[PDB]
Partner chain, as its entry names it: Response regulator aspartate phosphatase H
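Heads up, the chain below is alone and in the form solved without its partner chain; it's given as structure tokens.
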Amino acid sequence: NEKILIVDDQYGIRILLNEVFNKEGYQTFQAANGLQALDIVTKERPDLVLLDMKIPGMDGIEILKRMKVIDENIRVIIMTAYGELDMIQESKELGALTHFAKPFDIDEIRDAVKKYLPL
């Protein structure tokens, strides 16, 4: 079906995001590293990428630049802290659909993926 990659190191949030979109009808993938994420982009060509900018090892701005290079049309929605205004701008520069600050409203994320990635 339509595929969603979830790149999040916060286990509970990842497992929650996973269960929601799976219930919705999307085929989902999980990642906890930038490296594991890049791999799934290259193999699975997912439609939407939900990316926590706070991932282990690689910085979100770099895993985003890299995803772009693999698939110039990759659609990413970044998750960040409300006070990271310059970083939020950069992602915007790079091609982030939008961004949600953590902690977020799971209903708000659920509504955005359906608005950008209509199943």
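Think of the rigid core as the biggest set of C-alphas that the two forms share within 1.5 Å after superposition. Numbering follows the first chain given and starts at 1. Only residues modelled in both forms are compared.
Stretches 40-48 and 89-97 differ in mean CA B factor, with 89-97 having the higher one. Look at the C-alpha B-factors of 51-59 and of 75-83. On average they run higher in 51-59. Going by the entry's values, 119 shows the largest Cα B-factor out of 4, 112, 119, 7.
In the PDB entry, residue 108 places in the lowest third of its chain by CA B-factor. In the deposited entry, the Cα temperature factor of residue 65 places it in the middle third of its chain's modelled residues.
Below, we refer to the form deposited with its partner chain bound, which is not included among the displayed structures.
Heavy atoms within 4.5 Å of its partner chain in the deposited complex map, among the stretches 90-98, 69-77, 55-63, 42-50, onto 55-63 alone. In the deposited complex, residue 12 approaches its partner chain with a heavy atom inside 4.5 Å. By the criterion of a heavy atom within 4.5 Å, residue 25 is excluded from the residues contacting its partner chain in the deposited complex. Core-based superposition between this form and the one not shown leaves all of 35, 94, 81, 70 but one with CA shifts under 2 Å; the exception is 81. Mapped along the sequence, displacements between this form and the one not shown of 2 angstroms or more at every C-alpha, sustained over at least 3 residues after core alignment, occur solely at 81-83.
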